Structure formats: C-alpha cells, structure tokens
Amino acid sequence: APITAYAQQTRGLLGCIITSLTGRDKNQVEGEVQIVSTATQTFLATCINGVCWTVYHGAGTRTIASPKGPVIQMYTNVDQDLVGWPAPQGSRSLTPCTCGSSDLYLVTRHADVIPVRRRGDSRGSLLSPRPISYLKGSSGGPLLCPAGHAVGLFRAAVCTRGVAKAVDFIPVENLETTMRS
C-alpha cells in the first residue's frame, strides 16, 4: 500500500507552555509520530516497538508530559543523538525494517513523505532537493521503507546554498544498541 500521512495540531502555544511546566498532559494520543515541542523548539518523535524515540539534540534530557505527570526517559544516548520514553498510551508503534531496502521515504512534520535513496548506513540522498526550510522541525521523524517499516530517524540535513540534497539519519540498529546500553 502507498505510504500516506496526515497531521493534526492538538495544542497551542499557551497550552503547550503550561503543559510543559506542569508536566501533565491529559490530551488523547493517536498516531505513530508525535509532533513534539519544548519552549525552545518543535520536532518529532516516532514510536517504534512500544518506545517513543526522538532526537537528543531536541529533547536534551527532558521528561515527557503525560496524564500522570512527567515521564523520565527510558533511553538516552548523547553520542547517537537519541532519547526514548515509553510510548504514550494511545500512540501506535512502527516496527523495524527487516527487508533491508535502499529506497526510503522521509515523513516530515507537515505529513509529507519524500523519497530518499540510501547511500551510507546513516546517509540518504533526496531524489528531489528541497530548501532546508521544508525539512525544518522534522528531526526525530521516520525514514520508512516501501513496506512502512522504520529504517531510521531523521536528524540533520546535508545542505548547500540553503538546499537539502541529502539527509543524515539514525538507523534503527542504533536504537537496539542504545536499549542494550
């Protein structure tokens, strides 16, 4: 089946800030990718195998707000730029890619899926370069395979003149290694 996706805003600036200080979020959760924010920035978090993974460069060492108050991170790997909290009650998890495909599709925070060709184990080239502004706020998002399985988590763009020609991602294998640490 074709990979399609949609986004839905669940809260605003004032609600977000209050929920940040409170650490208590009573909203309902749905989806595999959560649009996440801090007072500093907004990025994404992908649920894979019961764990909600995001970028360390965005979440730092913070807790995630939930109905029961803040939830401490389960995994934290500064070197691999990863953090994980148990997947929020309601979220839906993606599952690691097994087929070892090289044709990946990046899901952005605007719910657009863009094809990227895997080059290295942590690099992939956009088949259609886009300005970096398009990709802004997408770190922590998924790089799916044609079967819809997680291959990696977007973390940085390889750009020039303000145009992203390639992307740098965290393959799911580093997640296994991080959990095992």
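We call the rigid core whatever largest set of C-alpha positions still superposes within 1.5 Å between the two forms. All residue numbers refer to positions in the sequence shown, first residue = 1.
Engineer: Of the stretches 87 to 95 and 100 to 108, which sits farther from where it is here in 6 other deposited structures of this protein, on average over its Cα atoms, after fitting the core?
Structural biologist: The answer is 87 to 95, which departs more from the shown form in 6 other deposited structures of this protein.
Engineer: Say the other structures are aligned on the rigid core; which stretch then has the higher CA RMS in 6 other deposited structures of this protein, 29 to 37 or 138 to 146?
Structural biologist: Once the cores are fitted, 29 to 37 deviates more in 6 other deposited structures of this protein.
Engineer: If you average the CA temperature factors over each stretch, which comes out higher, 52 to 60 or 124 to 132?
Structural biologist: That would be 124 to 132.
Engineer: Of 19 to 27 and 158 to 166, which one has the bigger average CA B-factor?
Structural biologist: Higher mean C-alpha B-factor in the PDB entry: 158 to 166.
Engineer: Say you rank 99, 111, 72, 83 by Cα B-factor from the PDB entry; which sits at the top?
Structural biologist: Of the candidates given, the C-alpha B-factor peaks at 99.
Engineer: Please pick out which of 46, 138, 66, 41 has the largest Cα B-factor as recorded in the entry.
Structural biologist: Most elevated C-alpha B-factor of the set, per the entry: 41.
Engineer: Using the temperature factors of the C-alpha atoms in this entry, rank residue 94 within its chain: lowest, middle or highest third.
Structural biologist: Within its chain, residue 94 is a lowest-third residue by C-alpha B-factor, going by the deposited values.
Engineer: Residue 107's Cα B-factor: lowest, middle or highest third of the chain?
Structural biologist: Residue 107: CA B-factor falls in the lowest third of its chain.
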